[PDB]
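Below, in structure tokens: the form deposited in one PDB entry, a single chain.
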């Protein structure tokens, strides 16, 4: 038979409890997803003088954490407009924040931009030190299981690290025998080496693969069923400025960014099914990308979010496009030298909500010589 697909059946069955079931839980969202883009409104936040927001992740319905160029790690409430600053972990600030699939651990950079750090959610207590497996930066921290994590780097090292059950136990025991922060090192169970820098990652969660990206323009898929085992590689379609890549967990396509295009890549399929949608916003660079049910949110440098529809192959709505505010700026000596004759805050990060209604954008100014925060919550 044809699919029983209509919102009215759900509406009227819901009233009787008879078959309002969860075969609809995927149409309600396919509908809300194309509805929201048209009815979002900014609400600025006042951070102060922090440099540039690089990482952001939701912790609750209300608290989102952010990491900056001045390697601050701060939790902002989205209701009360409250910034709280937390420690940092010893052994160009923060560049990537992720939460283990169980939402219990938090794997971000530390006092060393070449080491790592591990906080235990939902209480943020510091747990581990950064390890030595990377002498260069950490530019991506993906989670592959409840305790194994894979860390890209600006040298090329792809060191699998993994929080052990033993450090789990002496971490739920080290905060009882004491209350002062106590840490614990880990060894990189692997240090597999590979314009040879592991910038951005992804994670498919059925084939247990880790199709990464390297800024020279090279995709590198390294399956991790339980441990890393490199599988394949490929020169990506566009060459310049490939810094963002995500995977649509139910569309079997990788969305990867570029200078002025966005590419849909099927890995186990060859390079003649590569579609690069043009943004035409020439001069920004797609600094972030994310998947809602069938809707790709692109976050660029000129300060504007754009929306694409994987199914109708075209953009939403003249294409709907938000625009980030002004925020804050610093008037340093380099502001006087080369950046006084003119800022379009560039959205480096954006994330939706567990309840799928409120979006959170953050960023700063695009020229590297500048210094200015910005962060805004769009519902």
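Rigid core (definition): largest C-alpha set, two forms, superposition within 1.5 Å. Residue numbers count along the first chain shown, from 1.
Counting the deposited residues that fall between residue 91 and residue 92 and carry no coordinates gives a value of 10 or more. Coordinates are given for every deposited residue between residue 333 and residue 334; the gap count there is zero.
From this point on, the text means the form deposited in another entry, which you will not see here.
Core superposition between the shown form and the other one leaves every listed residue (120, 174, 154, 188) with a C-alpha shift below 2 angstroms except 174.
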